[PDB]
Every structure is written in C-alpha cells, then in structure tokens.
Amino acid sequence: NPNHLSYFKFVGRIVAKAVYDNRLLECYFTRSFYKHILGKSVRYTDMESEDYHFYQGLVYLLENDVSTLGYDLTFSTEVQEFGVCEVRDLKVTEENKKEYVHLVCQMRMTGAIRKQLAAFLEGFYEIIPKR
C-alpha cells in the first residue's frame, strides 16, 4: 500500500484515541511493539517468538566462545525492508557481542518497520504524550 505509513499513523492515532477515551481495544501487540511505544529497548528473549532460529543463533553466540563459529562475523547484517534486501552496518569480540545481541535485535525488530513505527509513534504521541 503506497500510503501505508499514513494508515499506521492513523492506527497510532486511534490507539491514542482509545487511551484518551479510556476504552479497551482488542489489540494484542508484541512486547517489542509495546516497548517501542514506551521507548524501551527490546530484549533478546523477545526474538524467540519472532524468529526462533535467529534467537537460537544469538543464544549460540551467548555463552559460547566466538571460536565456535569457525568464521568471523561483524556488526553488519542482511535485512529485507520493503522487499529490498540490503546489508546494513549495526555500528566482533568478546566485549562487543553483549551489544551485538542487543543491537542486532534492535535492527531485526525495527529495521523492517522503522517507517511504519515512526508513523505510529507520531500518531500516538500526537494524542498521548510520550513522557
């Protein structure tokens, strides 16, 4: 839909309108999306439901030595957004991976939805103050 961002801004407005009216919607958004509307980072355990084999990959990165991979990785990943696939930088080491799993989960959740998200957040904060 070429206007989809506008409809996501509409639904953010309608959610904030439901909150203003104090009326319950049958929305059941992910903890990731509720965190985005609250401005909280997601956590890697959220990936288990969204992309189990990518969660499993991050869990194989956690509590395992990088030497188990047998080839190197860096802070860059291939992401499909809007049907275009692009390799994007995220900013590997024993110190960096703690951030990689946080940041890689940020990229995987928001990258493909960042423009829908910015429209929804504009609709929400238009009616319900972020703070």
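The structure we're discussing is the one just above.
Residues numbered from 1 in each chain as written, not as in the entry; some residues may be left out. Part of a larger assembly, values for the part shown. Heavy atoms only, no water.

Caption draft 1: Up close: the overall build of the chain. Within the chain, the secondary structure is distributed over six helices and two strands. Walking the chain from its N terminus toward its C terminus, one meets helices and strands in the order α-α-α-α-β-β-α-α. Seen along its three principal axes, the alpha-carbon backbone of the chain occupies a region of about 55 × 30 × 25 Å. Within the chain, the fraction of its 131 residues that count as buried is 31%. For the chain, the computed accessible surface area is about 9400 Å², with 54% contributed by carbon and sulfur atoms. The averaged location of the 18 negative side-chain charges in the chain is 10 Å from the averaged location of its 17 positive side-chain charges. (Helix = DSSP H or I, 4+ residues; strand = E, 2+ residues; numbered from the N terminus. Buried < 20%, exposed > 50% of the residue type's maximum accessible area, 1.4 Å probe, protein only. Areas by Shrake-Rupley, 256 points an atom, 1.4 Å probe, with all protein chains shown as cover. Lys, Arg positive; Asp, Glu negative; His and termini not counted. Charge placed at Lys NZ, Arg CZ, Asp CG, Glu CD.)

Caption draft 2: Layout of the packing of helix α2 (residues 31-38) against helix α6 (residues 114-127). It is at 10 Å that the axes of α2 and α6 come closest, and there the two elements cross at 55°. As summarised for this structure, α2 and α6 are arranged oblique, according to the angle between their axes. Classified by chirality, the crossing of α6 by α2 is right-handed. In this structure, α2 uses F33, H36, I37 and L38 to contact α6, whose residues at the interface are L117, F120, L121, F124 and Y125. (Axes fitted to C-alpha atoms, helices over the stretch in contact; angles between N-to-C directions. Parallel < 35°, antiparallel > 145°, perpendicular 65-115°, else oblique. Left-handed = near helix turned anticlockwise from the far one by under 90°. Contact = heavy atoms within 4.5 Å.)

Caption draft 3: Examining helix α4 (residues 52-61) more closely. Along α4, the residues that are buried comprise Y55, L58 and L61. When α4 is viewed along its axis, its buried side chains cluster within an angular range of 115° and face the same direction. Exposed side of α4, more than 90 degrees from the buried face: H53 and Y60 are the residues found there. Of the residues one or two after α4, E63 is the one with positive phi, at around 55°. (Arc of directions from axis to C-beta.)

Caption draft 4: Spatial organisation of the pattern of salt bridges. Taken as a whole and assessed by the stated rule, the structure comprises six salt bridges. When the shortest N-O distance is used, the salt bridge between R88 and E81 registers 2.7 Å. Both residues of the pair, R88 and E81, belong to the buried class. Among the charged side chains, a salt-bridge network with shared partners connects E50, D51 and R108. (Salt bridge = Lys/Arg side-chain N within 4 Å of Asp/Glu carboxyl O.)

Caption draft 5: Expanded view of the pairing of strand β2 (residues 84-89). Direction of pairing for strand β1 (residues 76-81) relative to β2: antiparallel, over a ladder of six bridges. Bridge pairing in β2 links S76 to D89. Hairpin geometry of β1 and β2 is characterised by an intervening segment of two residues between the two adjacent antiparallel strands and by a positive phi of about 60° at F82. (Pairing = 2+ DSSP bridges.)

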